[PDB]
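**Q** Next comes the structure file query_39.tsv, holding TSV, C-alpha atoms.
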```
chain	number	residue	atom	x	y	z
C	1	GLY	CA	101.67	104.57	105.41
C	2	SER	CA	103.86	107.63	106.12
C	3	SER	CA	106.29	107.23	103.16
C	4	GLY	CA	109.51	109.31	102.97
C	5	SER	CA	113.32	108.80	102.65
C	6	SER	CA	115.59	111.87	102.59
C	7	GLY	CA	118.42	110.16	100.70
C	8	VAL	CA	120.44	106.93	100.44
C	9	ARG	CA	119.05	105.09	103.50
C	10	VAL	CA	120.48	101.87	104.79
C	11	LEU	CA	118.34	98.93	103.64
C	12	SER	CA	118.55	95.43	105.08
C	13	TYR	CA	117.10	92.04	104.16
C	14	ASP	CA	114.52	91.32	106.90
C	15	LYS	CA	113.41	87.75	107.29
C	16	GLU	CA	111.23	89.15	110.10
C	17	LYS	CA	109.30	92.31	109.07
C	18	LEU	CA	106.81	92.30	106.18
C	19	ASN	CA	108.89	94.42	103.79
C	20	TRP	CA	108.75	92.71	100.35
C	21	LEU	CA	105.97	93.20	97.77
C	22	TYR	CA	105.28	91.07	94.68
C	23	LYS	CA	103.05	91.33	91.56
C	24	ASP	CA	100.86	88.20	91.06
C	25	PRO	CA	99.89	86.65	87.63
C	26	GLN	CA	96.39	88.21	87.84
C	27	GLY	CA	98.49	91.44	87.69
C	28	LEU	CA	97.76	92.64	91.28
C	29	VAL	CA	100.41	93.81	93.78
C	30	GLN	CA	100.05	91.75	97.02
C	31	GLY	CA	101.73	91.81	100.44
C	32	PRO	CA	104.10	92.92	101.75
C	33	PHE	CA	105.59	89.67	103.06
C	34	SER	CA	108.73	88.81	105.06
C	35	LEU	CA	111.71	87.03	103.51
C	36	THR	CA	110.87	84.02	105.78
C	37	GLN	CA	107.45	83.75	104.05
C	38	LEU	CA	108.66	84.40	100.49
C	39	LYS	CA	111.54	81.96	101.13
C	40	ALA	CA	109.28	79.23	102.57
C	41	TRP	CA	106.93	79.57	99.57
C	42	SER	CA	109.97	79.49	97.20
C	43	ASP	CA	110.95	76.34	99.21
C	44	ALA	CA	107.35	74.89	99.02
C	45	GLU	CA	106.54	75.00	95.22
C	46	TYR	CA	104.17	77.99	95.58
C	47	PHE	CA	106.13	79.96	92.90
C	48	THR	CA	108.30	79.62	89.76
C	49	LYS	CA	111.92	80.79	89.10
C	50	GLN	CA	110.69	83.91	87.23
C	51	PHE	CA	109.39	85.60	90.40
C	52	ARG	CA	110.90	89.02	91.22
C	53	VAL	CA	110.26	90.87	94.53
C	54	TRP	CA	110.89	94.51	95.64
C	55	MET	CA	110.84	96.28	99.03
C	56	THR	CA	107.92	98.35	100.36
C	57	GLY	CA	108.13	101.70	98.51
C	58	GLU	CA	110.85	100.73	96.00
C	59	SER	CA	110.09	100.54	92.31
C	60	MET	CA	108.53	97.34	90.99
C	61	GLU	CA	111.44	97.49	88.54
C	62	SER	CA	114.14	97.43	91.24
C	63	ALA	CA	112.53	94.00	91.95
C	64	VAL	CA	115.31	91.35	92.04
C	65	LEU	CA	114.76	87.58	91.51
C	66	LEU	CA	113.43	85.97	94.72
C	67	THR	CA	115.78	83.01	94.09
C	68	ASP	CA	118.73	85.45	94.34
C	69	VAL	CA	117.27	87.25	97.42
C	70	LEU	CA	117.45	83.74	98.98
C	71	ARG	CA	121.22	83.62	98.23
C	72	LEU	CA	121.87	87.31	99.10
C	73	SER	CA	120.40	86.93	102.61
C	74	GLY	CA	120.94	83.28	103.57
C	75	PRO	CA	123.61	80.93	105.01
C	76	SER	CA	127.32	81.44	104.47
C	77	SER	CA	129.77	78.71	103.26
C	78	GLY	CA	128.30	77.91	99.83
```
Would you mind giving the structure from this file in structure tokens?
**A**
Amino acid sequence: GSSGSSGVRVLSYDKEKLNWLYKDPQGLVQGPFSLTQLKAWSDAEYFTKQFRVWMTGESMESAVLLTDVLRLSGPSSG
């Protein structure tokens, strides 16, 4: 647990650590998950376009679209 943050931290898009929460359609918050997992599921027909995701201890409302997280942290030249 051990939440905190003094100020404007750096934040990074980790495909490695489990850092990204989501709210399911039962209404429950699950996870967190890594961007590799959320990506692979977004690449595997587990989810729909209207799927936002937020980092561990951010607001559910700073949740961005998963399909843009995939573009934000992803390959260059495109």
**Q** Between C:33, C:58, C:39, C:21, which residue has the minimum interatomic distance to residue C:70, considering only C-alpha atoms?
**A**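 For residue C:70, the nearest of the candidates is C:39.
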**Q** Considering all atoms listed in the file, can you say which of C:60, C:72, C:10, C:40 comes closest to residue C:24?
**A**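 Looking only at the distances to residue C:24, the closest residue turns out to be C:60.
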**Q** Find, counting only C-alpha atoms, the residue in C:32, C:47, C:13, C:53 that gets nearest to residue C:73.
**A**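 For residue C:73, the nearest of the candidates is C:13.
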**Q** From the list C:56, C:48, C:42, C:3, which residue is nearest residue C:18 when using only C-alpha atoms?
**A**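 Nearest candidate to residue C:18 out of C:56, C:48, C:42, C:3: C:56.
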**Q** Mind giving me the straight-line distance from atom CA of residue C:64 to atom CA of residue C:36 in Å, one decimal?
**A**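 Computed distance, atom CA of residue C:64 to atom CA of residue C:36, equals 16.2 Å.
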**Q** Rounded to one decimal in Å, what is the spacing between atom CA of residue C:74 and atom CA of residue C:41?
**A**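 Result for atom CA of residue C:74 versus atom CA of residue C:41: 15.0 Å, one decimal.
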**Q** Which one is closest to residue C:37: C:19, C:50, C:76, C:62? Count all atoms listed in the file.
**A**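 Answer, going by the shortest atom-to-atom distance: C:19.
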**Q** Choose the residue, out of C:78, C:35, C:4, C:25, that has the smallest atom-to-atom separation from residue C:55; count only C-alpha atoms.
**A**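 Once distances to residue C:55 are computed over only C-alpha atoms, the minimum belongs to C:35.
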**Q** As an exercise, work out the distance from atom CA of residue C:65 to atom CA of residue C:49 in Å and give it to one decimal place.
**A** 7.7 Å
**Q** Would you compute the box with edges along x, y and z of the file around stretch 14-30 of chain C, including every atom the file lists for it and 5 Å extra on each side, and give its centre and edge lengths in Å to one decimal, as lines of an AutoDock Vina configuration file?
**A**
```
center_x = 105.5
center_y = 90.5
center_z = 98.9
size_x = 28.1
size_y = 17.8
size_z = 32.5
```
